[PDB]
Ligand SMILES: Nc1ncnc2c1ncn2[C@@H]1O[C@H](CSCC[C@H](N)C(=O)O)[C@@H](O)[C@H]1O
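Encoded as structure tokens, the following chain is the form deposited without this ligand, with no partner shown.
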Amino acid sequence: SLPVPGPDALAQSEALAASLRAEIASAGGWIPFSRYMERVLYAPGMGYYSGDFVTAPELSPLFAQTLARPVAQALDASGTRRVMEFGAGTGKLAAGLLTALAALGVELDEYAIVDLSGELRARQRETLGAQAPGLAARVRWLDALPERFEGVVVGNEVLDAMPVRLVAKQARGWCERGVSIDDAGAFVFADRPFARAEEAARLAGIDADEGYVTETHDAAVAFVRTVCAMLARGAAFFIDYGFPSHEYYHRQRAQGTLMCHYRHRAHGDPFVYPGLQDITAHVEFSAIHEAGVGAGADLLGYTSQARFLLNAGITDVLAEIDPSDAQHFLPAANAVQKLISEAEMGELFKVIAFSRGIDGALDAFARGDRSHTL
């Protein structure tokens, strides 16, 4: 069943929906899914994110403590002293990473948060004041990526929320799946030939039978190019759920990876209550790899979150807590298992990193690197 929102949320969703229906009609009855997704997620005031930013916020402490190790190693190796986080959710990772780095002897000249909409920083500032008092003063917020950056960039579950286009395999070949309105005014998917017939060529490599529907990630690719061109020295880590291309576009993944979350219920329909639910797609890491190295950065590593966290010392972090102290040990052990178990986040989530001015390997990627599978 599908719970009905309260009056105020419903009014918001209805206004957002009416604005999208009006846009679709004005455009001749069809818009790409990227445009739909951009508006329902990011419309000022009414979009989902712009008026549940990570999968498991309660894992942020142990996660940040562990991530701090390769972050510090990348700072040392590149001779840099700044971190920049894109998005940043409610600021739990920033508070954790700031605190953990400082505890390990690493002070930053600045921890920059990129909050394009302006809408996330108030809660982030509150979280930092509460959880990292006296490191909070090192945090600055940016309205856009700068032209140049020296330090370590962190993008945790941000690639998955960037707009995707949908593509569908017809007998006649690939086409674009966009959004139309039906005769009752409801949003409907609608398939149309590509404007740029060129854009079907990139899909030829997919082992897809007729009826296959999947996502392309132009916006994420554009973002990674921009980050890697900006990065002058240092590293950029992206943490997200997804797969290299062979697996992403596997013959059997014929409904793709699009998933929506409404009142923490996972389901496939992005036309449910516009503005009141999340819409995400998994990340296609081969294209992300090409994006970053094509901008001239080195690939620093690619592996599963489990392997990255294990390599980075998560079990050592856990082992600081004594097992007889059950009050602390069991929650910590359960957190670690959620982070690293194949059945939980450990395999599905991946870490990819790019670098400039880092020679050699990070310990976090030195065993079990998967770059050769990209």
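We call the rigid core the largest set of C-alpha positions that still match within 1.5 Å between the two forms. Throughout, we count residues from 1 along the sequence that is shown.
One more form of this protein should be noted, the form solved in complex with this ligand, which is absent from this view; the next part is about it.
Contact with this ligand, judged by heavy atoms within 4.5 Å in the deposited complex, is confined among 29-37, 65-73, 52-60, 333-341 to 52-60. In the deposited complex, this ligand sits within 4.5 Å of a heavy atom belonging to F223. Proximity of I181 to this ligand in the deposited complex: non-hydrogen atoms within 4.5 Å are absent; the residue sits far from the partner. Contact check for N156: a heavy atom falls within 4.5 Å of this ligand in the deposited complex. Contact check for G96: every heavy atom lies farther than 4.5 Å from this ligand in the deposited complex.
Shown without its partner, this chain lists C260, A287, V114, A168 as candidates; in the deposited complex, only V114 has a non-hydrogen atom within 4.5 angstroms of this ligand.
Interface residue among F149, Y249, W174, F86, judged by heavy atoms within 4.5 Å of this ligand in the deposited complex: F86.
Shown without its partner, the chain has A161, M162 in segment 161-190 as residues with a non-hydrogen atom within 4.5 angstroms of this ligand in the deposited complex. Put simply, after the core is superposed between this form and the one not shown, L59 is the one residue in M345, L59, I31, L41 with a Cα shift of at least 2 angstroms.
Closer approach of the C-alpha atoms of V106 and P57, by 3 angstroms or more, is seen in the deposited complex than in the present form.
In comparison with the shown form, the Cα-Cα distance of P57 and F63 decreases by at least 3 angstroms in the deposited complex.
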